[PDB]
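Undergrad:
Chains as they are written, first to last, in the entry's author numbering: chain A, 51 to 144; chain B, 22 to 39.
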């Protein structure tokens, strides 16, 4: 089939992603490039990974990390963005 | 090798204390 099955974490990862971004709007309020960037990279990230449980881990992890640790929000921004391309729209490694 | 700037891709213009 695919992996776990016909699973769909699409709905999750979309609003999940914004949980981070809406937070990013607060934190990187003087830098409105971050949020649109994360949006942008997600758009050009392969829709499969974005609809997979793995990305749900990434999101739930990095987003909530950035919530607890605003000081390193960017690292999680960095991760989440790289995460998108690392495992999507370039997925030869995995 | 770096086929993307990855984390530094952000660092280019914005970042925190790090």
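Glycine included, each C-beta is placed from N, C-alpha and C at the ideal position.
If the cut is a Cβ gap below 7 Å, which residues of chain A does residue 23 (chain B) touch?
TA: Going along chain A, no residue has its Cβ under 7 Å from residue 23 (chain B), so there is no contact; the nearest lies around 11 Å.
Undergrad: Does DSSP put residue 113 (chain A) in a helix, a strand or coil?
TA: Correct three-state label for residue 113 (chain A): helix.
Undergrad: Counting only the same chain and skipping the five closest in sequence on each side, list residues whose C-beta sits under 6 Å from that of residue 113 (chain A).
TA: Within the same chain, residue 113 (chain A) has close Cβ partners 69 and 70.
Undergrad: List, in chain order, every chain B residue whose beta-carbon is nearer than 8 Å to that of residue 127 (chain A).
TA: By Cβ distance, chain B contributes 31.
Undergrad: Roughly how many angstroms lie between the CA atoms of residue 85 (chain A) and residue 31 (chain B), to the nearest whole one?
TA: So the alpha carbons of these two residues sit roughly 11 Å apart.
Undergrad: Could you tell me whether the Cβ of residue 81 (chain A) comes closer than 7 Å to any Cβ of chain B?
TA: Chain B, which has a Cβ nearer than 7 Å to the Cβ of residue 81 (chain A), makes this yes.
Undergrad: Decide if residue 90 (chain A) is buried, meaning its Cβ has at least 16 other Cβ atoms within 10 Å, or exposed.
TA: Label assigned to residue 90 (chain A): exposed.
Undergrad: Looking only at its own chain, which residues have a Cβ that is under 7 Å from the Cβ of residue 117 (chain A), when we skip the five neighbours before and after it?
TA: Excluding residues within five positions, the ones whose Cβ falls inside 7 Å are 73.
Undergrad: With residue 143 (chain A) as the anchor, note down where its alpha helix (DSSP H) starts and where it stops.
TA: Here residue 143 (chain A) belongs to no alpha helix (DSSP H), and DSSP marks it neither H nor E.
Undergrad: Can you tell me whether residue 32 (chain B) is helix, strand or coil according to DSSP?
TA: Helix.
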